[PDB]
Amino acid sequence: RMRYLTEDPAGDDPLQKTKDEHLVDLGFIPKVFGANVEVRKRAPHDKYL
Amino acid sequence: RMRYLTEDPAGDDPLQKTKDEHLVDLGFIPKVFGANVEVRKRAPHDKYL
Amino acid sequence: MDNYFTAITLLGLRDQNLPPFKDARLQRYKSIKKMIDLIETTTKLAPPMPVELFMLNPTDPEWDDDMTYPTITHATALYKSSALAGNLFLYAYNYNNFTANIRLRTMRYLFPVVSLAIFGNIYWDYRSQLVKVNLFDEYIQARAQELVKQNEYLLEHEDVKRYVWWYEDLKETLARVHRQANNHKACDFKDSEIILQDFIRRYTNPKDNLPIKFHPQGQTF
Amino acid sequence: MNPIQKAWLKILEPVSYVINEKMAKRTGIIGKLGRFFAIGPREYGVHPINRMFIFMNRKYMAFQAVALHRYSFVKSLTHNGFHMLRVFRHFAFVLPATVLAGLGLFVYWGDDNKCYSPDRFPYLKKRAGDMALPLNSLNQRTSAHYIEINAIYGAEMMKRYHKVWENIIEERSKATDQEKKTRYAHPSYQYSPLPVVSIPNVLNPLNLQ
Amino acid sequence: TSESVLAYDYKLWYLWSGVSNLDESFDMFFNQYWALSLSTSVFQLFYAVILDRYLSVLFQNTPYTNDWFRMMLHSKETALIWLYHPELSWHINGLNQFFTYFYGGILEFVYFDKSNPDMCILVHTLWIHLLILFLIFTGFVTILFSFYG
Amino acid sequence: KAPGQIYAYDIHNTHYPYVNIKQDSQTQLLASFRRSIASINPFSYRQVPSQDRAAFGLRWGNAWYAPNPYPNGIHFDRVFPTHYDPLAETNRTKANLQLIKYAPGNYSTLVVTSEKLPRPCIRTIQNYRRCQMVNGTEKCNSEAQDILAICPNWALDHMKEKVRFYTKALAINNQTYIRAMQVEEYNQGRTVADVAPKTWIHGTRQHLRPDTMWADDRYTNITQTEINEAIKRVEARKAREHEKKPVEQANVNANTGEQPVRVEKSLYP
Amino acid sequence: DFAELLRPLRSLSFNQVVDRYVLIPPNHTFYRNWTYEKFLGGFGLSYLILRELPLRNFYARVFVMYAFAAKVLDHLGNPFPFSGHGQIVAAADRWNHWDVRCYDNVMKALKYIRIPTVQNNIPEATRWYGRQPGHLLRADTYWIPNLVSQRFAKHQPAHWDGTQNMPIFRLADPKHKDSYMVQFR
Amino acid sequence: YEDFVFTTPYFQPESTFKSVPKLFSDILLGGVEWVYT
Amino acid sequence: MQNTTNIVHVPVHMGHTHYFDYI
Amino acid sequence: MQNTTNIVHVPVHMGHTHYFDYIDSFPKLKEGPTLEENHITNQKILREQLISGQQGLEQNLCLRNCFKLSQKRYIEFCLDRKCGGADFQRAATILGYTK
Amino acid sequence: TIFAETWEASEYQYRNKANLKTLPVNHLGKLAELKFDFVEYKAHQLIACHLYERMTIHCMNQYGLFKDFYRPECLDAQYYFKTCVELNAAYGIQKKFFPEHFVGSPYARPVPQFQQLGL
Amino acid sequence: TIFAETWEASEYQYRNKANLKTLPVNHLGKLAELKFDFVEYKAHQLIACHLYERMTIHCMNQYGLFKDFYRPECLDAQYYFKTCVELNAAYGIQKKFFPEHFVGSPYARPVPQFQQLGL
Ligand SMILES: CCCCCCCCCCCCCCCCCC(=O)OC[C@H](COP(=O)([O-])OCC(O)COP(=O)([O-])OC[C@@H](COC(=O)CCCCCCCCCCCCCCCCC)OC(=O)CCCCCCCCCCCCCCCCC)OC(=O)CCCCCCCCCCCCCCCCC
Ligand SMILES: CCCCCCCCCCCCCCCCCC(=O)OC[C@H](COP(=O)([O-])OCC(O)COP(=O)([O-])OC[C@@H](COC(=O)CCCCCCCCCCCCCCCCC)OC(=O)CCCCCCCCCCCCCCCCC)OC(=O)CCCCCCCCCCCCCCCCC
Ligand SMILES: CCCCCCCCCCCCCCCCCC(=O)OC[C@H](COP(=O)([O-])OCC(O)COP(=O)([O-])OC[C@@H](COC(=O)CCCCCCCCCCCCCCCCC)OC(=O)CCCCCCCCCCCCCCCCC)OC(=O)CCCCCCCCCCCCCCCCC
Ligand SMILES: CCCCCCCCCCCCCCCCCC(=O)OC[C@H](COP(=O)([O-])OCC(O)COP(=O)([O-])OC[C@@H](COC(=O)CCCCCCCCCCCCCCCCC)OC(=O)CCCCCCCCCCCCCCCCC)OC(=O)CCCCCCCCCCCCCCCCC
Ligand SMILES: COC1=C(OC)C(=O)C(C/C=C(\C)CC/C=C(\C)CC/C=C(\C)CC/C=C(\C)CC/C=C(\C)CC/C=C(/C)CC/C=C(\C)CCC=C(C)C)=C(C)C1=O
Ligand SMILES: CCCCCCCC/C=C/CCCCCCCC(=O)OC[C@H](COP(=O)(O)OCCN)OC(=O)CCCCCCC/C=C/CCCCCCCC
């Protein structure tokens, strides 16, 4: 369970992801969402570890 | 002039910049802009090189 | 842990001692949480003053010269002087041969010509370095006075008086702040909150969307 | 033996008496210690550096005598003294000129002794703690005029601010609590008097001028 | 790069310890106003706020706020002026914000090294260098150009 | 044309204060002897700098002194994990190549700095503001395009991010304003008129007694008899206050395979 | 003792304090580093007198020189050449690095220890400034084509056009057409 | 403000009293890599 | 950034033993 | 990502020579006037500026120095105190900052 | 500002940057190096940077500021105190305006809302 | 899709990713390796992946598909043709839906609007 909940920092390169500056020029204005600060990470049942 | 107009890719680390999810939780909803595709980079006068 | 001296002062550690038990000692830490938010806000209401008061604008074209600091290479001049002296010892140590042996006549004849040219290079560089240093020292002093007499008037602006009056109001305001009790609660500074709120309400408008407005010559830290 | 060794003897004359006469023969360890630090003629006291100079001085000087002792190029031009056909007469003064240039071998050793080093890039690395810098560091520089002129400007202007600062504190001391809390205040502020308390008007807490 | 190198050198360290009254690294303002705040006074809390604003000024080591460029109230020369005019911390924090907003870059966090290394430019160090090479050249002559035996 | 002297020279009045930090008899006696002959001693080294002559730092015997680096738990292992604790030893042991490498900056602090934008990019910004206050914003298009073109892109990103930071700090300062200007339940309806004519000294130890029994001589004349009686009165008040007790809540961190809440720790284990 | 530190300031006015300790007349002609030359140069001068000790036993002077080397190695550190640098703690004064205050890269290298990010790269601004090519002299005797060609070259006056970046020489860039023979490593 | 315009969206003062329970998260300098030999 | 860097969400206790580092 | 990677915004031509890599030319490079021609051209401007561009200069310099200030309210203070009660818009037209 | 005597070290370590410094607790071992006699209460040794402050006072009372305060046990306390308040001032500011840089902050790696997942 | 015979080599290189492949022009040198006689027009050799196709047809006409087509000059043309149209199909899709990946696109490194600078 600890290694399931052991993540690495910074994730992946945001520059390899779709840009918001491009979606605007494509016709879709993205909506800005806030951070979900109420969720607690937990491990699944043992059978999935 | 060529080395003034010689940049490197990817700029700086985005994760070290202000997040949009954080501004929303602070009370400021950021506005999304579009890319400026009309500007052409040029070198300044020789005295500034 | 910012605002260290302010917090240590509010807890009373400058005159008394904290309770030896964790229950009350910890409540006393949480009691100043309001006052820190207040004193930090007060420190961000200072009015602006001309930046061109104790600091010349570095973006001025006058400073595009990108001038360097002229120096004197004493260590270089001393080594080359000791090396030239070494040649005089080599001639002295071998005086009888250079002087009496005709196979070394060319050295006896031209050794002093080369030594003078070496000395000339040594002293020429030192002398030139010295002249440039003096030309630099006398210019920075003359040009500094012209810039002073030019910008003295900036001290006559009323914003300098406005800046000092704000600093004194904060001194008199913080001098009136006092601890009202020792119950280890936020109510120990009950009356002081009203005093500081009056100070903040005196330089801001609480009934606005952004009572603290941003301007490039303002306070952020 | 040399004069510098003799000078040590006159200075260490009493020390030698204590080690060689008393300690060097008393008994046991005090003997081994005194006989080990005995004072006298140096065993293997020769100085190889002195000798190294004497040898290289002599060998290089024998070379100077050969290189400098050449038949003249000027005298061979007339075809009247000792030289009719000399197809390499123009090489006569090459070795002499090469030996005379050797007098600057040590005077001009390294880059710093051949130019004004502060105008060269390697000087910046030495002043940066022998640290690698970009090659264009000599150009990205702020004017030395600004750094020194602004340092004087800031101070000459502070002496004038100190006098202005005093006149303001004085004029404010003669002001009413109502005036000093409404002047320069926000328009939306409503003045409400505070209880009067004793708060001194001290210019400098430290007893300075 | 490839340039002349010495065999033995000395590196100086202009340490900004802040605990030595022999040099200019002694923070006279901080030590005076700190001891002033220890004694019971009516301005005891005011002096604390002053010291906290002074620390927020050292925290801003920008081109316009640093000792390298000899800026007022940031260099060793103007350390005593803090004793007379401690009210100028706000002016500094605002000035640095004005130039940073218009003519500056992003405020980045870095570690300020107080140890200030500098290679001492000496004369005798090159004498030692020549002596070492003189021994190396003599061996070249002693081994290959010695005809005394 | 006398050389300039620093403020430290007027405290000691000499350039040769033989300050050695090593507190051994051999060292302090030699310093006192060397401190007296520094005027006519060729083996004299300065420790107070001047305009004409540099100086040395503090001496440690024959070597030089520097304070112990501020404790830093960051380290790098080479052969085996050392578990370096900077609080377990007074002086930091030297770093052996095969054992440990310490963090950089033995003597370093945390500051915030900023890069200086290119000079030509600065001149375009000066020209925009100048044309703005003179001709207005609507007539500064040419000066705005020169900025976007001459200023390198890395600078435009900095300018773009400065606005987002100051926008963030602007909110962080206004949230503190709201918490600071909030009127608590214990100050409802109270104004400056209800404030007492007291200053900071009136909340100190001389005027306001601390919450300790031996701060002054208040309880120095108390006897065991008076104590037994006081224990009876406090127990009397508890006959009316102990009637209430908070109810036990559920443990939000009951599941060990769940990210626990950083709940306030108990005063005692 | 805190009041004893301010004794010279109570007798002075603010203008006298500035003119005394702040506005010191600039004079950059002194040999400030003589303090270090005298101290460290004394090791060599001391070795001249110490190598002449009348100690008879050769191995007793081995001990003396071992003690003298210990005194030096407390400052020099590494006994081998071309290995490292000595360590001298010096006093901090306004004249530290006084002749290089104009250079920006020297300040960053001495002062700033930058924190590496996840996107492990040198700051783009630092990389961009680093591409602005420095000035490299044309004079070159190491490349035999220039050793011959530059003997027939005519040095013409370069009339100042009002700038500080006139490329009257070649540029220190590997891709410059007059510097491609230089190895940048 | 003082002859300067700083465009910002409408500030929501309600975000000040946003309930954000702190969560546990420990960083381990010295851990596991992706592959081992 | 350090290669052996991990972020853990649940508490762990490390052994204070010489020559070893483990949970 | 290759460490020696650069993004260039102007055309460059690389030489295809063995053992060497460099920029041998720039497309459509025009050789301007020589340093001597620009020198002569500039001296004609400085000569006229020295003979006919030195009257009424002290006033223009004060106006230029006033406009190098940070805030507008300080400029008006500089004009009224140093430039003899000048107007902001009237001085900006002289300096050529007006459209 | 820290409103307690104890703080979680991970809360003052960076999540997206290399960790080259920590915010350690007061070094209680330095308190035993003072040779003279002094009175110190255990209730004041845990609060950040205050122990080094009281030690500096004890050393400035026993000794002065000239030729007697210059001993290793007293100068390290003054250097620690001066260094502790500078680091804590910067960390406190960085926590106030850059809370997303530190571990434990929900903004260092924001968790998305369920509306952003497309389910 | 490419609507010409020529394409800028940089327009198909990645800006934020390592460049491990190029999109080269047709290898005309492979056309001179065919020993037999054939008719080829220069107007068809520059278009992408087509030259390898025509060469494959010429080799499948002169020889067949069994024991005579299995020679290096003919198998490399079949492999180049099968590989050229696979890469170009992938590069074409990456150009259609991921134009921000390539050099020359204004979205690879978006230039901000002037309203984002705060002037
Ligand atoms: C572990 C590494 C350590 C490294 C650091 C230490 C390095 C140590 C190496 C030392 C080697 C040099 C020796 C330095 C002195 C130490 C004492 C010593 O010499 O050894 C013991 C030495 C005994 O020699 P020995 O090795 O024991 O055995 C003897 C041999 O068997 C037979 O006897 P001999 O007489 O036939 O042999 C002579 C003997 C000893 O000969 C000597 O007497 C040594 C003389 C050294 C020069 C001294 C004058 C230098 C100029 C002074 C300028 C003053 C400037 C300031 C002016 C005032 C204003 C500020 O050997 C040498 O000559 C050695 C010379 C080495 C070369 C020096 C020149 C090389 C120049 C190349 C360029 C390098 C530039 C740097 C040079 C720096 C110079 C400052 O003592 C004496 O000789 C006593 C001499 C008494 C009479 C001398 C009267 C004064 C003469 C002055 C010179 C007059 C000539 C013209 C000068 C004009 C000046 C303007
Ligand atoms: C006012 C103050 C008070 C004064 C009053 C008191 C008066 C008392 C005076 C007392 C004594 C004065 C000493 C001189 C009198 C000597 C009388 C005598 O009977 O002695 C015979 C005496 C007897 O021989 P020795 O005793 O057996 O040995 C004598 C020497 O040790 C070694 O003898 P060596 O013959 O073996 O030496 C040969 C060496 C002698 O050293 C020199 O003199 C240097 C020569 C450099 C000049 C060469 C001229 C070449 C012709 C060019 C034609 C055009 C000229 C235009 C000039 C324009 C200038 C901008 O010359 C060479 O190396 C010959 C090879 C030349 C190079 C090979 C290639 C040549 C063609 C290159 C063409 C390149 C063109 C390219 C482009 C062209 C496009 C159009 O021989 C001498 O000539 C003694 C000369 C001693 C040296 C004097 C110079 C000392 C250095 C002074 C510093 C420089 C200042 C002068 C510079 C002059 C212009 C560069
Ligand atoms: C299989 C078994 C064999 C295996 C053996 C082991 C393998 C090797 C293991 C290596 C271990 C690692 C090495 C250490 C790592 C660190 C390396 C390093 O950083 O070096 C950088 C350093 C940088 O220099 P660079 O990168 O090569 O060149 C750049 C610059 O040019 C340099 O600076 P610069 O531009 O300022 O210099 C300008 C130049 C200026 O020069 C000139 O302008 C003209 C030349 C004037 C020469 C004058 C000499 C000075 C004294 C003259 C006085 C007498 C005058 C005579 C008449 C003169 C006529 C004019 O000045 C000189 O460099 C003069 C050099 C003189 C050398 C002697 C001439 C003959 C060549 C050497 C032959 C002997 C060595 C070959 C051994 C073969 C054995 C098989 O390298 C050196 O140059 C130093 C060489 C020594 C390094 C090794 C030191 C190891 C430490 C332990 C030994 C300590 C010495 C004790 C000797 C005791 C003898 C009994
Ligand atoms: C009429 C006959 C005479 C009757 C009178 C007899 C009485 C004479 C004595 C009274 C008059 C003396 C005149 C000068 C005033 C000095 C007063 C004073 O207190 O000095 C103490 C003086 C300095 O005290 P310090 O502050 O502790 O500095 C030394 C520290 O080591 C430094 O440690 P550091 O780490 O801080 O610094 C390192 C140091 C480097 O220091 C070291 O490397 C030395 C380290 C020691 C060796 C390492 C092993 C450790 C040994 C420990 C055990 C030693 C016990 C010795 C006990 C001696 C007790 C006094 O480098 C420097 O800092 C700069 C030094 C270079 C500066 C320039 C020096 C110029 C000297 C001018 C010489 C002029 C005379 C000519 C010389 C001879 C010419 C042939 O200490 C000494 O005793 C130095 C001894 C050096 C040997 C001198 C040998 C020559 C003496 C010549 C006498 C007169 C001519 C004789 C002619 C022969 C026929 C008569
Ligand atoms: C003139 O013609 C020529 C010759 O003559 C034929 C040559 O021999 C030669 C060959 C030259 C040589 C063989 C000499 C080569 C010398 C070289 C390479 C350098 C030698 C270096 C050393 C011996 C090491 C010296 C080390 C130092 C000086 C560092 C420490 C300082 C010391 C020892 C001195 C202290 C410094 C001072 C300024 C104080 C000076 C002290 C004195 C003068 C005291 C003197 C005392 C007495 C008793 C005389 C040439 C090239 C030549 O051109
Ligand atoms: C007989 C004389 C032989 C001398 C050697 C022959 C060649 C002479 C070559 C002359 C070249 C002169 C060029 C100028 C070099 C400049 C030197 C220099 O800058 O020194 C400066 C500086 C002056 O200090 P400041 O006041 O800060 O500077 C003010 C500048 N006006 O001088 C110094 O560095 C002091 C040290 C001087 C050299 C070393 C002195 C010691 C000499 C050793 C031998 C003497 C032994 C006996 C000493 C007695 C001790 C009790």
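Values quoted throughout were computed directly from the atomic coordinates according to the rules given, and no laboratory measurement underlies them. Reconstructed Cβ throughout: ideal geometry from the backbone, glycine too, with neighbour counts over all protein chains shown.
Kindly indicate whether G:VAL72 is among the aliphatic types (A, V, I, L, M) and buried (at least 18 other Cβ atoms within 10 Å of the Cβ).
When the stated conditions are applied, G:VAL72 passes them.
Being exposed (fewer than 14 other Cβ atoms within 10 Å of the Cβ) and not in a loop (DSSP other than H, G, I, E, B): is that true of G:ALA60 here?
No.
Taking only segment G:31-46 into account, find how many residues are surrounded by fewer than 17 Cβ atoms within 10 Å (Cβ to Cβ) and either in a loop (DSSP other than H, G, I, E, B) or within 16 Å of ligand 3 (Cβ to nearest atom) (or both).
1
For B:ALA43, which of the numbered conditions (1) within 7 Å of another protein chain (Cβ to nearest Cβ); (2) in a loop (DSSP other than H, G, I, E, B) fails to hold?
The failed condition is (1).
Looking only at segment D:57-82, count how many residues are more than 11 Å from ligand 2 (Cβ to nearest atom) and in contact with a helix residue (DSSP H, G or I) (Cβ under 6 Å, 6 or more places away or on another chain).
Total meeting the criteria: 3.
Is it the case, given these coordinates, that D:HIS186 is in a helix (DSSP H, G or I), surrounded by 14 or more Cβ atoms within 10 Å (Cβ to Cβ) and out of contact with any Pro (no Cβ under 6 Å at 6 or more places or on another chain)?
Taking the combined requirement at face value, the residue does not satisfy it.
Against the condition polar (S, T, N, Q) and either within 16 Å of ligand 1 (Cβ to nearest atom) or farther than 29 Å from C:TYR79 by Cβ (or both), how does D:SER76 come out, does it pass?
yes
Which of the numbered conditions does C:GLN219 fail, given that it passes all the others? Conditions: (1) part of a helix (DSSP H, G or I); (2) touching a residue at least 40 places away in the same chain (Cβ under 8 Å).
(1)
What's the total number of residues in segment J:24-82 that are touching a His at 6+ places or on another chain (Cβ under 8 Å) and part of a loop (DSSP other than H, G, I, E, B)?
Number of matching residues: 2.
Quick check: anything in segment C:97-111 within 16 Å of ligand 1 (Cβ to nearest atom), free of Cβ contacts under 8 Å to residues at least 60 places away in the same chain and among the basic types (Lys, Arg)?
yes
Within segment D:34-73, which residues are among the aromatic types (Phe, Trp, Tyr) and away from ligand 1 (no atom under 16 Å from the Cβ)?
Scanning segment D:34-73 gives D:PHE36, D:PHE37, D:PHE63, D:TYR71, D:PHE73.
Kindly indicate which of K:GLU100, K:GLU53 is of a type outside the set (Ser, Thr, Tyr), more than 14 Å from chain C (Cβ to nearest Cβ), free of Cβ contacts under 8 Å to residues at least 60 places away in the same chain and buried (at least 20 other Cβ atoms within 10 Å of the Cβ).
Selected residue: K:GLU100, the only one of K:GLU100, K:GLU53 that is of a type outside the set (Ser, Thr, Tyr), more than 14 Å from chain C (Cβ to nearest Cβ), free of Cβ contacts under 8 Å to residues at least 60 places away in the same chain and buried (at least 20 other Cβ atoms within 10 Å of the Cβ).
Could you tell me which residue of segment D:44-60 is nearest to ligand 6 (Cβ to nearest atom), considering only residues that are more than 11 Å from chain G (Cβ to nearest Cβ) and in contact with a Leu (Cβ under 8 Å, 6 or more places away or on another chain)?
D:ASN57
Quick one: in segment A:20-39, which of the residues that are buried (at least 16 other Cβ atoms within 10 Å of the Cβ) and within 14 Å of chain K (Cβ to nearest Cβ) is farthest from K:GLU100 (Cα to Cα)?
Looking at the filtered set, the residue picked out is A:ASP20.
Does any residue in segment G:57-69 that is more than 9 Å from chain D (Cβ to nearest Cβ) come within less than 8 Å, Cβ to Cβ, of a residue that is hydroxyl-bearing (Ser, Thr, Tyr) six or more places away or on a different chain, and which pairs are these?
Close Cβ pairs (under 8 Å, with a partner that is hydroxyl-bearing (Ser, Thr, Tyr)) amount to G:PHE68/G:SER46; G:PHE68/G:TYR47.
Any idea how many residues of segment K:18-55 are farther than 18 Å from F:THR109 by Cα and among the small types (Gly, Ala, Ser)?
Going through segment K:18-55 one residue at a time, the tally reaches 3.
Identify the residue in segment E:57-91 that is among the aromatic types (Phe, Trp, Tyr) and more than 10 Å from chain C (Cβ to nearest Cβ) and, among all such residues, is surrounded by the most Cβ atoms within 10 Å (Cβ to Cβ).
E:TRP68
Just one of the numbered conditions (1) within 14 Å of chain F (Cβ to nearest Cβ); (2) surrounded by fewer than 17 Cβ atoms within 10 Å (Cβ to Cβ) is not true of C:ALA186; which one?
(2)
In segment F:4-50, which residues are closer than 30 Å to G:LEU12 by Cα, more than 7 Å from every other protein chain (Cβ to nearest Cβ) and in contact (Cβ under 8 Å) with a residue 12 or more places away in the chain?
Result: F:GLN5, F:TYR9, F:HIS12, F:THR14, F:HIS15, F:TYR16, F:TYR18, F:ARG35, F:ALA38, F:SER39, F:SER50.
Of all residues being in contact with a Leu (Cβ under 8 Å, 6 or more places away or on another chain) and outside any helix (DSSP H, G or I) in segment L:63-119, which is farthest from L:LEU23 (Cα to Cα)? Just the residue, please.
L:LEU117
Select from segment F:29-52 the residues that are loosely packed, with under 14 Cβ neighbours inside 10 Å and not in a loop (DSSP other than H, G, I, E, B) and list them in ascending order.
Across segment F:29-52, the qualifying residues are F:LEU29, F:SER32, F:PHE33, F:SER36, F:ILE37.
One line per residue, one yes/no per condition, for (1) of a type in the set (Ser, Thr, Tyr); (2) out of contact with any helix residue (DSSP H, G or I) (no Cβ under 7 Å at 6 or more places or on another chain); (3) loosely packed, with under 10 Cβ neighbours inside 10 Å:
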| residue | (1), (2), (3) |
| --- | --- |
| J:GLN54 | no, yes, yes |
| J:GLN59 | no, yes, no |
| J:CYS62 | no, no, no |
| J:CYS66 | no, no, no |
| J:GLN71 | no, yes, no |
| J:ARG81 | no, no, no |
| J:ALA86 | no, no, no |
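Answer yes if at least one residue in segment C:82-104 is crowded, with 19+ Cβ neighbours inside 10 Å, more than 16 Å from ligand 4 (Cβ to nearest atom), among the polar types (S, T, N, Q) and farther than 30 Å from C:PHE5 by Cβ, and no otherwise.
yes
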